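Trainee: Can you keep this structure in mind? I'll have questions shortly.
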Amino acid sequence: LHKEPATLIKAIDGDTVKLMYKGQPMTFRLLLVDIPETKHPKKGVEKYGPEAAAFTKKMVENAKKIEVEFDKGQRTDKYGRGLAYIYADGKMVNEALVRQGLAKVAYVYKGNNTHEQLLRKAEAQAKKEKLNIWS
């Protein structure tokens, strides 16, 4: 797996951020996390939705270096979003959210599972600490 540099354009949700990647703007969906959304045709602002969104935003907004890491499976979803792990100054946003109890580990999409155990590890811990969604 290779980390590549990107530039923040805008944070959109807990699970989605818009980056400048290889010169072109592009939307990315965080791999392997299921996040309370502020979007939704229905349910919209769900429990921990604005908290996950605020966390993701602060994390990428305060970083001086954003890196994107694609996995070994399919690299975009049916809506055209890049499927990746996002790093803010060396620290993985995906893991951060799960460790803080602000997302759950999602079902593995299309062969994309290199960091699945690392995230499941983080999830059990947040669970054990009864954090946010696990309260």
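Derivation of every value follows stated rules applied to the coordinates shown; laboratory data play no part. Virtual Cβ from ideal backbone geometry, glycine too; neighbours counted across all protein chains shown.
Trainee: Which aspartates and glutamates does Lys43 reach when only Cα atoms under 20 Å apart count, and residues fewer than 8 places away in its own chain are ignored?
Mentor: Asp13, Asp15, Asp34, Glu51
Trainee: Let me ask something else. Which is the longest run of the chain containing none of the chymotrypsin sites (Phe, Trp or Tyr not before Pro) found in DSSP loop states (not H, G, I, E, B) with at most 15 other C-beta atoms within 10 Å?
Mentor: Counting at most 15 other Cβ atoms within 10 Å as exposed, the longest clean stretch of the chain is 1-78.
Trainee: Using the basic label-point model (7 angstrom from Cα toward the beta carbon), what is the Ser135 to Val45 distance in nanometres?
Mentor: Using points 7 Å along Cα→Cβ, the separation is 1.7 nm.
Trainee: Considering every Cα-Cα pair within the chain, what fraction, in whole percent, is farther apart than 19 Å?
Mentor: Of all Cα-Cα distances in the chain, 46 percent exceed 19 Å.
Trainee: Something else: Quote the FRET efficiency, to the nearest 0.05, computed for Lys78 versus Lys121 with a Förster distance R0 of 30 Å and r equal to the Cβ-Cβ distance. Could the numbers behind the result be given before it?
Mentor: Numbers: r = 30 Å, r/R0 = 0.99.
Calculated value: 0.50.
Trainee: Taking K and R as +1 and D and E as -1, what net charge do the other residues with C-beta under 11 Å from the C-beta of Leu32 add up to?
Mentor: Around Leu32, the surrounding residues sum to -3.
Trainee: When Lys and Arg each count +1 and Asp and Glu each count -1, what net charge do the other residues less than 11 Å away from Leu8, Cβ to Cβ, add up to? Walk me through the intermediate numbers first.
Mentor: Values: positive: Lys10, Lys18, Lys57, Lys64, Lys65; negative: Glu61.
That works out to +4.
Trainee: Which one of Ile86, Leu1, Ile12 has its Cα pushed farthest toward the positive end of the charge dipole of the chain, where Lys and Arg give +1 and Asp and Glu give -1 at the Cβ?
Mentor: Positive-end residue among those listed: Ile12.
Trainee: Then there is this: With +1 on the Cβ of every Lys and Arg and -1 on the Cβ of every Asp and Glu, and nothing else charged, how large is the dipole of the chain about its Cα centre, in debye rounded to the nearest 20?
Mentor: In total the dipole reaches around 120 debye.
Trainee: Shifting gears a bit: Can you compute the FRET efficiency between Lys18 and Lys128 using 1/(1 + (r/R0)^6), with r the Cβ-Cβ distance and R0 = 41 Å? Round to the nearest 0.05.
Mentor: Approximately 0.75, to the nearest 0.05.
Trainee: Among the listed pairs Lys104/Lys130; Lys3/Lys128; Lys47/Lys110; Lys18/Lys72, which have their C-alpha atoms separated by more than 23 angstrom in this model?
Mentor: Cα-Cα > 23 Å for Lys3/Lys128; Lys47/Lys110; rest within.
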